[PDB]
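entry-v4.tsv (TSV, N, CA and C atoms) appears below.
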```
chain	number	residue	atom	x	y	z
J	1	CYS	N	130.40	95.21	97.63
J	1	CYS	CA	128.93	95.10	97.43
J	1	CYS	C	128.58	95.04	95.97
J	2	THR	N	127.26	94.86	95.66
J	2	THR	CA	126.65	95.00	94.36
J	2	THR	C	125.88	96.31	94.38
J	3	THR	N	124.86	96.39	95.27
J	3	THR	CA	124.04	97.55	95.56
J	3	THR	C	123.87	97.51	97.07
J	4	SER	N	122.73	98.05	97.58
J	4	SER	CA	122.21	98.05	98.95
J	4	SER	C	121.90	96.67	99.52
J	5	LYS	N	121.57	95.68	98.63
J	5	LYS	CA	121.06	94.35	98.94
J	5	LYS	C	122.11	93.33	99.36
J	6	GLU	N	123.42	93.71	99.30
J	6	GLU	CA	124.57	92.90	99.66
J	6	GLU	C	125.10	93.34	101.02
J	7	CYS	N	124.42	94.34	101.64
J	7	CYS	CA	124.66	94.86	102.98
J	7	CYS	C	123.54	94.41	103.91
J	8	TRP	N	122.68	93.47	103.42
J	8	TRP	CA	121.55	92.87	104.11
J	8	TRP	C	121.97	91.54	104.72
J	9	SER	N	123.06	90.95	104.17
J	9	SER	CA	123.62	89.68	104.55
J	9	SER	C	125.11	89.94	104.70
J	10	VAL	N	125.52	90.73	105.74
J	10	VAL	CA	126.89	91.16	105.94
J	10	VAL	C	127.18	91.16	107.42
J	11	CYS	N	126.30	91.84	108.20
J	11	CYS	CA	126.33	91.98	109.65
J	11	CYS	C	125.23	91.14	110.27
J	12	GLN	N	124.51	90.35	109.43
J	12	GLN	CA	123.50	89.37	109.78
J	12	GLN	C	124.17	88.01	109.90
J	13	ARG	N	125.25	87.84	109.10
J	13	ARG	CA	126.10	86.67	108.98
J	13	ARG	C	127.36	86.80	109.83
J	14	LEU	N	127.57	87.97	110.48
J	14	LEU	CA	128.71	88.28	111.33
J	14	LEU	C	128.19	88.47	112.74
J	15	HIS	N	127.22	89.40	112.92
J	15	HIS	CA	126.60	89.75	114.19
J	15	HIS	C	125.19	89.17	114.20
J	16	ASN	N	124.13	90.00	114.45
J	16	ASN	CA	122.78	89.53	114.70
J	16	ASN	C	121.82	90.63	114.29
J	17	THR	N	122.12	91.36	113.18
J	17	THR	CA	121.38	92.52	112.73
J	17	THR	C	120.68	92.14	111.44
J	18	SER	N	120.19	93.16	110.68
J	18	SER	CA	119.25	92.98	109.59
J	18	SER	C	119.82	93.63	108.35
J	19	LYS	N	119.25	94.81	107.99
J	19	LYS	CA	119.35	95.52	106.72
J	19	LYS	C	120.58	96.40	106.64
J	20	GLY	N	120.73	97.12	105.51
J	20	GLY	CA	121.88	97.95	105.24
J	20	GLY	C	121.67	98.62	103.92
J	21	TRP	N	122.65	99.46	103.53
J	21	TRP	CA	122.77	100.04	102.23
J	21	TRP	C	124.24	100.24	102.03
J	22	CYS	N	124.68	100.40	100.75
J	22	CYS	CA	126.08	100.48	100.38
J	22	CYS	C	126.41	101.91	100.01
J	23	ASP	N	127.41	102.48	100.75
J	23	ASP	CA	128.08	103.73	100.48
J	23	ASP	C	129.46	103.35	99.96
J	24	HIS	N	130.30	104.35	99.58
J	24	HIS	CA	131.62	104.17	98.98
J	24	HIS	C	132.74	104.09	100.01
J	25	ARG	N	132.38	103.81	101.29
J	25	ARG	CA	133.23	103.57	102.42
J	25	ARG	C	133.06	102.14	102.90
J	26	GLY	N	131.96	101.45	102.47
J	26	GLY	CA	131.68	100.08	102.83
J	26	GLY	C	130.20	99.93	102.98
J	27	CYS	N	129.77	98.84	103.68
J	27	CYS	CA	128.39	98.53	104.02
J	27	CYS	C	128.03	99.13	105.35
J	28	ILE	N	126.81	99.75	105.38
J	28	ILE	CA	126.06	100.22	106.54
J	28	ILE	C	125.28	99.04	107.08
J	29	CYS	N	125.22	98.88	108.43
J	29	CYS	CA	124.60	97.77	109.10
J	29	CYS	C	123.62	98.35	110.10
J	30	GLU	N	122.30	98.11	109.86
J	30	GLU	CA	121.19	98.52	110.70
J	30	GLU	C	120.58	97.27	111.29
J	31	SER	N	120.02	97.39	112.52
J	31	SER	CA	119.41	96.31	113.28
J	31	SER	C	117.94	96.12	112.87
```
Would it be possible to restate this file's structure as structure tokens?
Amino acid sequence: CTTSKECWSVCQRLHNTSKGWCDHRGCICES
């Protein structure tokens, strides 16, 4: 990631979800 904003196009481009934020384990994916 860069910040929280690179987890907004991660599971939206893989699955069918929306937003996210970045922790030090990876990207969080919220619907």
### Task
Tell me, as JSON, numbers by chain, which residues lie within 6 Å of residue 21 in chain J, counting only C-alpha atoms; anything in the same chain fewer than 2 positions away does not count.
{"J": [4, 7, 28]}
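For the atom pair formed by CA of residue 2 in chain J and CA of residue 16 in chain J, the distance is 21.4 Å, given to one decimal.
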### Query
Separation of CA of residue 14 in chain J and CA of residue 1 in chain J, in Å?
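So the two atoms, CA of residue 14 in chain J and CA of residue 1 in chain J, lie 15.5 Å apart.
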### Message
Neighbouring residues of residue 31 in chain J were defined as those with any atom within 7 Å, considering only C-alpha atoms; residues of the same chain fewer than 4 positions away were excluded. Please report them as a PyMOL selection string.
### Response
chain J and resi 17-19
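One distance worth recording is that between atom C of residue 12 in chain J and atom C of residue 30 in chain J, which is 10.0 Å.
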